[PDB]
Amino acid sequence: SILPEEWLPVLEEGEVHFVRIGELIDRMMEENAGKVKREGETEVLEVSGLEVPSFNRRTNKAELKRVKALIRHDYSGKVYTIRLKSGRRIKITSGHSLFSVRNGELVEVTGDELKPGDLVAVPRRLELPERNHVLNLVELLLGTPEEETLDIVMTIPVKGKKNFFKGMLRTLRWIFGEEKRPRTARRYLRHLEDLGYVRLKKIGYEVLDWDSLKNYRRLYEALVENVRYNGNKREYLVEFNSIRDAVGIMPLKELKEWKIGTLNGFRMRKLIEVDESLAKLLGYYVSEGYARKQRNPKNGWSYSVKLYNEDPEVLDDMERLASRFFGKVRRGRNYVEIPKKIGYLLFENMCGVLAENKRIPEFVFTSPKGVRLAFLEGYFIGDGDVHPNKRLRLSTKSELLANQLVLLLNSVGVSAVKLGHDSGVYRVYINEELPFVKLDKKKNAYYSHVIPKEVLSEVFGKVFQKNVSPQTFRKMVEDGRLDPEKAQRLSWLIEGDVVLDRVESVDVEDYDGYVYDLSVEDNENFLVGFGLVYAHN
């Protein structure tokens, strides 16, 4: 079993969520009490919709699998904190298993069995789904405290909507039997068909969904009540807050036409398509970005987002990108600032405000590889990690980010990763090339680009000098230097997505409380812990 606190990367309906295994299972079992099957000391909860990364037991390749069920035991006994030389850490119960090596094969080894020096299975790479994501600023702001969207409004050109709200509301009420058939009934009746609520017909019409119509009605009832007129720009106006309990009902087909932001400030489309520019911009923010607000002249708040960076070219890039999204920007001395309120709200709810709350936005993880790399590039360039004298070194006061980074790197091939927590700050060491950073992976080759000498020694019989790289291994085989009959046993290790890290230290403790587990389809293994370590279910 795994301890409550352990990080668990999981996928829900194609989205990657980092959660502490215990919190997940706890909640899931509270909102599904009726479905739990208790067994004195064990509570099982079958689920669907959840997927976790695992490795194929046969081919050892990285693949996502279905999580059959969540499990919760009421444990009392010894727990082990396993610390791998790479900086990865995992807290498990005594009988829980991780994967080690025995005569060139991946075998299960329990916690109370593991000792320093032992080799443990860890990811070399991961395969996460790739799809285009579309940010919905309405759904974003709804999850924001009303205090923050006080001055936010949604405008819409009054042009092709001459009293559209009132005209529609009258049609809805007519359909509901509360008013005489309006004169413009058909204009709107068509729109309701376009939305699939009503199917027009020869004679009159037929309501296809009353519930949906009720909600739509509720929406237009709210709109007709709060929509104002902005004579200046010939546009309709609505304070976000006054319709927070109905706006989410607005079909996307209608949302497109609106704009969201401040009355006398910047306004942008409520539906943003994620591209490499957005990602990179977000990359810059996560690393060198800071969001703030001050009282300003008339006590009342002024929101801005600053992107610090000494390098002149960088500032030109951030400015080029920032402005590509938030119109007019303010290029400073050593920074680029976005004084827009909607810009602050976007960055805040996506990546966080405080350094320790900083995080990679959820959509990035399952975006096409190009977008992931764009995010990374922005993070690195901003964090000033382009020209390495040794190896890339990223710092974060945010534990989540450290983990999210390792997953992102893993998801795009980077396996040479090391972790560290020297003083309140988390470090992520990367010792291998990146499409945007020239560095030598062969220089001080990490555990990931090396085959342990213990494994070779045990398989071939000889006593190997030192560690060997997968390349040298392949070559020795094509030389007769290594017996090809034995060298094949180790193929999984040269072709799979699992590498070996070595146990550095093991802490034994007594634990009284809840412990968790997962049942994973087929592979029966998944990723858990700081840095991600494959654990047997």
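Residues carry their position along the shown sequence, with the first being 1.
If you take the mean CA temperature factor per stretch, which one wins between 298-306 and 280-288? Mean C-alpha B-factor is greater for 298-306.
Entry-level comparison of average CA B-factors, 259-267 and 83-91, reporting the higher stretch: Going by the record's values, the stretch with the higher mean is 259-267.
By the CA temperature factor listed in this entry, which of these ranks top: 39, 63, 497, 510? Going by the entry's C-alpha B-factors, 39 comes out highest.
Peak C-alpha temperature factor (PDB record), options 343, 361, 413, 435: Result of the comparison over 343, 361, 413, 435: 435.
Quick check for you: using the entry's CA B-factors within this chain, is residue 482 in the lowest, middle or highest third? Middle third by C-alpha B-factor.
Would you mind checking where the Cα B-factor of residue 189 ranks among the modelled residues of its chain, as the lowest, middle or highest third? As the PDB entry reports it, the C-alpha B-factor of residue 189 lands in the highest third of its chain.
Test of reading the entry: by CA B factor among the chain's modelled residues, which third contains residue 254? It belongs to the lowest third of the chain when residues are ordered by C-alpha B-factor.
Just say lowest, middle or highest third for the CA B-factor of residue 99 relative to the other modelled residues in its chain. Within its chain, residue 99 is a lowest-third residue by C-alpha B-factor, going by the deposited values.
Lowest, middle or highest third: where is residue 378 by C-alpha B factor in its chain? Middle third, going by the recorded CA B-factors of the chain.
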